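The same protein chain appears twice below, in two forms, each given on its own as structure tokens and labelled structure 1 and structure 2.
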Structure 1
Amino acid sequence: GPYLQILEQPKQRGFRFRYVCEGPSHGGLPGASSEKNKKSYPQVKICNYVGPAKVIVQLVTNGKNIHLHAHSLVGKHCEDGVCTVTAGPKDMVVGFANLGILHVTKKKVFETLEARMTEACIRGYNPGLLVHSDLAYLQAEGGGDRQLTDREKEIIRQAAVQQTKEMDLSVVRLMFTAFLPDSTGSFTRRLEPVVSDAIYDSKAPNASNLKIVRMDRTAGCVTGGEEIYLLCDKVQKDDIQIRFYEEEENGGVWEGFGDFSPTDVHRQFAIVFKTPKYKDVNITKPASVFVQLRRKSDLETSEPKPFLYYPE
């Protein structure tokens, strides 16, 4: 049967969430394959069907129970924190460019969440899967705008209370839901929703892109701990490591680590450490190893930097 597939995920790290106060037009959510001279965007495709379809995109939480998120989608073809796009008759690929992730404040979560949930139930935006189980009957909206009963409003209030610390404002996910044309012509046949990879706010220090701005000594000796000053982007002192790796011909990689205490991390932006061994010098010619920053929690690495090892 018909199903929805994500052709290109969004980039998990690097994108910055914007609060309302920061204004609009700060850049769209890049796709996973996007580089500086190849602006790519998230892309989905509907398979086993060539015809008209309606695709909606919602921001969902990153917890075990995938629920709605208080952050909003903004940009072209966005309304009330949700994106809606026409999957054309012939071309079944759909890209999402110029999308922004509006970062709600901790205070204004509840209200926002409530509204979103309400709109979902009022528009059939997967009220059963995301808002609450017993609301699954509100998916068949019929035409467009409906009316809600007080019992339905109090279930929404209940899940609006659910918004406890299980709401993580530093990570969201894209959920894409397709809709096939009904016998009446309306776009109501719901396909299976597909969740994308988790997008992390680059302003979160636990999930920012690690980067070595510049290093003190570009080379060193295998003799022992030679002190090096490394200027980097924002890292957390208790979650950061400096890894020297060496790619080998057998497929394996040699690992060494710089020696430093969390106190040696100066105000999250610089590290003073000591270089490790190699081990020893067999080939008296210098060796071209690499060095990078590695986050201990998620094993995320920075772009490599060419380091050199000297003998006696």
Structure 2
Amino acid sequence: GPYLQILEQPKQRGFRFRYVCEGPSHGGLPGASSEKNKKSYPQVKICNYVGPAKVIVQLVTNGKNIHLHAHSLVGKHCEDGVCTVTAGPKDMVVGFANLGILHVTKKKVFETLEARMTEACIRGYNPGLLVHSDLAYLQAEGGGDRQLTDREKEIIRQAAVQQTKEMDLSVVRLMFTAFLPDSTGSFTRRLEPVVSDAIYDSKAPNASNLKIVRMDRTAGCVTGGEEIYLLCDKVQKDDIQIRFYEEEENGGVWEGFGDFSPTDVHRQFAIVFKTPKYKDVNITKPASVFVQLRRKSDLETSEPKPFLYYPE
């Protein structure tokens, strides 16, 4: 039958979440294949159906139990953290440019989360699959402002207080639910939602852009063991490592690692390390390698900086 697919995933990394105090106008969420010269944005497509329809986007959590997220989508076609776009009559590909992710503060998570649940229990933005599987009246179609019961209050409150402690504010996922026209019911044919790849906040320490601001020494002996002070952007003492490497024309690249313990990482912004030994202790002319920061957890690197090895 008819279904909804993700044509272009959102870019997992390199985008920064913004707080309410940071305002908007900090750029739109880019697509997985976006570039500076040719910009690209997340895109879905309605399959096995043509004609008018609507697609709603909303942030969900990242764990196994897909739950609502306290952050919000902001920008064009965005209200109350939910982005709604009408799918064209001819073109079924729905793009989402100028999208923004509003980073809600830790304090405001619970009240924001409990609000989203009470909104989805009335609007019908997938009530059971997100709030809790205990709410019975997953029936939606609208029903107007609907109604509230003093049992649903307890259910919503407990779901919110539970999902608050289970929520990571550094990673969100887009969820696209498509709605097709009904028997003059405007739009209420709920297609199964499609969760996108996890989006990681650029401001998070384990996802920020690695960079080597400067280095104490740019040349050292092949025997290694040379103490160097490296000034860098924010790193995590237990997660960072310093890699020298050279790309051999043979095919296999050589890599060594500067030696340091988490104690040598000074206040997340500098590293004192001893250099490794070059693979050729008995070299004739100086060899030219590069050095870079690398995160153990996800192997992200930094712009390499040159380095020279000398004979004895």
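Here the rigid core means the biggest group of C-alpha atoms that line up within 1.5 Å when the two forms are laid on top of each other. For residue numbers, the reference is structure 1: its sequence is counted from 1.
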- [ ] After superposing the two forms on their rigid core, pick out the one entry in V85, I212, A198, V74 with a CA shift of 2 Å or more between the two structures.
- [x] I212
Open item on the list: Relative to the larger rigid part, the smaller one rotates by how many degrees between the two structures?
Closed with: 17
- [ ] Check the Cα of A136 between the two structures on a core superposition and give its shift in Å.
- [x] 5.5
Open item on the list: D238: how large is its C-alpha shift between the two structures, with the rigid core as the superposition reference, in Å?
Closed with: 1.7
Open item on the list: What does the CA of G251 shift by between the two structures after fitting on the core? Give it in Å to one decimal.
Closed with: 8.6
